[PDB]
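Next up: a single chain in structure tokens, the form deposited in one PDB entry.
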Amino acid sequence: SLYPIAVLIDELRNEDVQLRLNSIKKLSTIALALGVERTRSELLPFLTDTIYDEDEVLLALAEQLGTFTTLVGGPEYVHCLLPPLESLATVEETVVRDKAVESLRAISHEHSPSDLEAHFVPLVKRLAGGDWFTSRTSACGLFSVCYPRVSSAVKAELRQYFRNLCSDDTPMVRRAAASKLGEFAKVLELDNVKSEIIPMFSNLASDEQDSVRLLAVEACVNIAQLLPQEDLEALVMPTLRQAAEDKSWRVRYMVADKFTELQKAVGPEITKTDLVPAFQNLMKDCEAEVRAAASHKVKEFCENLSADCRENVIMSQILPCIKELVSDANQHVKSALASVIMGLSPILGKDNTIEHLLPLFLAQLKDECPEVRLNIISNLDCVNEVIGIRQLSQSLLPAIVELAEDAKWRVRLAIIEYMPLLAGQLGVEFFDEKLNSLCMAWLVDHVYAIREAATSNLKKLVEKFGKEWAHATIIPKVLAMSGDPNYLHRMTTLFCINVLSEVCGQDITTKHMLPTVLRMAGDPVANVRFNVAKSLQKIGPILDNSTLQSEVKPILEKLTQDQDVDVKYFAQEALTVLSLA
């Protein structure tokens, strides 16, 4: 090997002419050392063949070559970059072949129209009509860039190869061609889209291999846009209606997945004619994967029907189908619908929503699958901005309150976790009036786990509404429990102060919580006393050092002289941790 190129080589390992990784990225510089002429005559050739399987490298080399146009002599010599890229296109680990293509596409534009014909298309062909298969898979992404700029004669040629690529004997080479069929169709003259693209399309849509067919749905969207509204029923719709009916649920899945897109590509009239029935069939598919994919589209689809027929097809065609799904077996499906159903409110009006959706809203808010009612609870924002907050509270509050005081705790615990959500959605004024009661009521529940749950719930609430709202609305009632005769409740008070110091800030903690904590240092029950040491060890860090020395250090030292073994041990511990010992 020889300098300056030798610099790229990694003379230290034990490879097969491997290159220094941290060097292939510093390539635009070795190209600067030797000149443009030598970058071509010696740097490029060396890169061309020297192709070991060091992937992290091949990648960089493919990427790097896409910006080497100018370090080779500018456009007139842009083609010197083809040889090494052609190589890299036929490699293995797809990641590399992708790069090689992205770059080939990049520099295609640098190529002049004439150099496109003289060196590019030839590369496209040899790649397309190559033996090996990857050489073909990658060959499919190079047709749309060179088509427009070359001659009518070469265009023709390009179209033929793209076909041969579609009708390839290999499923993979066909899937590839199919998922690039749309892109290619977009750069052809209308006639040829009709006479050449349509047949290629039809063929792929009726492929023996469903893996290929489901990929023609995406093509349909693209082809369907380029064609004028009238031509659709003749050259496309039969095919698309057949896909929605395909034997392979995978193909049907793809139709339900790209529904909203087909709906635009095709236009309102056909959507009302051909798509509304298909949509109805999809929601009733036997395979739950499809019903769910479709259910997911509900809100978006109705949102897109033409303004005039909208409200009618919905209450007549779509809505009955939805009532059906709210009762579906697979939670996969109930789940999908639930995440978007209440998004229909705006599109139906305060009157319709309140009469036809609020019922479904409830049927789901009381579903087993907790995910389901959680999806309903996560999207109240729109239902609320459509009907009155009093109208919603009139249909939600009872579902809540009925569960917040139910049989088994667990079901009750579940309702405590909807609170920070209801808060951040329904707003602070609603929460202070109709929800703050249920959250304080839980702080004194019979089950420990419920009190624990509702305690950390305050922290989540103060994060939603702030330290001001906390001192005015929550601290007052939490501190009230220190007077309670039950020790389970007095300790609950200290527990709320530990969690609340985390987010109430130094001022509020020192002014309005520390006093209540220090005051209980003399509680009649031992458990409260030692938990006071713990609470001081907890909130001590938030208090400025002056307070820590004047008011905390004292009380702790006292507690260390307490009769009870545990108050003593915990009083000590508290001191040793705060450094006041």
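Position 1 is the first residue in the sequence shown; the rest follow in order.
Taking the mean C-alpha B-factor of each stretch as recorded, 566-574 and 9-17 are not equal, and the higher mean is that of 9-17. Stretches 48-56 and 542-550 differ in mean C-alpha B factor, with the higher average recorded for 48-56.
Of the candidates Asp445, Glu102, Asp308, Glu261, the one whose C-alpha carries the top B factor in the deposited record is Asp308.
As recorded in the entry, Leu32 carries the highest CA temperature factor of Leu514, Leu32, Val528, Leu65.
When the modelled residues of the chain are ordered by their C-alpha B factor, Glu233 lands in the lowest third. In the deposited entry, the Cα temperature factor of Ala178 places it in the middle third of its chain's modelled residues. In the PDB entry, a CA B factor belonging to the highest third of its chain's modelled residues is recorded for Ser28. When the CA B factors of the chain's modelled residues are split into thirds, the value for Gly141 lands in the middle one. Among the modelled residues of its chain, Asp257 has a C-alpha B-factor that falls in the lowest third according to the deposited record.
Heads up, the form deposited in another entry isn't pictured, but that's what we're talking about next.
The rigid parts of the chain swing between the shown form and the other one, and the hinge residue from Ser211, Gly349, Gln391, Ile474 is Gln391.
Relative to the displayed conformation, the Cα-Cα distance from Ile400 to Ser378 shrinks by 3 Å or more in the other entry.
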